[PDB]
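Before any questions on binding or motion, here is one chain by itself as structure tokens, the form deposited in one PDB entry.
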């Protein structure tokens, strides 16, 4: 029942982007409002090396099976940094509570979204490659730095990147739902 899965997938993705957006705002207001953190955020995302559509035309040129596999690779790639963001923040003595809350919820919801996406791929492309190739995040030592400016910068970049990739994933799932269920007549 594609229609129900797609609807639940889109609810989760839209929700995850909203939380990531709010997390990053609070983090920024609270910890980095006044410095050149934005300038250090340039080109720092682990999913950057993936070939992702960057405008509507590129999106339309991408066929559905590759598109679904792309969403799954991005989501699978965020499981590691979300796990460490929660583990690191939770193990602070004075962990920011609104921030930790959001991270925990994004971590759990991201697993749920990836479960729906696996169901969607099974339903729509039953005999795909069971191929896992996704980009590795390896930024844990930077989050663990003792030097505070370097630490806050590594966090800034992580939340900036999450804010971007959640938005992208949400937007690609909305395109595919319209494409697959409604033949682009949403």
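Rigid core here is just the name for the largest C-alpha set that superposes within 1.5 Å across the two forms. Numbering follows the first chain given and starts at 1.
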| item | value |
| --- | --- |
| Other entries omitting residue 131, at least a third | yes |
| Unmodelled in at least a third of other entries of this protein, residue 30 | yes |
| 121 to 129 versus 40 to 48 - greater average Cα B-factor per the deposited record | 121 to 129 |
| Higher-scoring stretch by recorded Cα B factor average, 18 to 26 or 159 to 167 | 18 to 26 |
| Largest Cα B-factor, entry values, listed residues 80, 107, 115, 94 | 94 |
| 140, 136, 146, 70, ranked by C-alpha B-factor: the highest one | 146 |
| Entry-reported Cα temperature factor of residue 102, expressed as the chain third it lands in | middle |
| Ranked against its chain, the third holding the CA B-factor of residue 76 | lowest |
| Residue 111, C-alpha B-factor rank within chain (lowest, middle or highest third) | middle |
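Missing here is the form deposited in another entry; even so, the following discussion is about that form.
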query: Residue from 58, 43, 144, 123 whose Cα, after superposing the rigid core, lies 2 Å or more away between the shown form and the other one; finding: 43
query: Residue pair residue 38, residue 149 - Cα distance in that other deposited form, closer or farther (3 Å or more); finding: closer
query: Closer or farther: C-alpha pair residue 42/residue 166 in that other deposited form, relative to this form, given a change of 3 Å or more; finding: closer
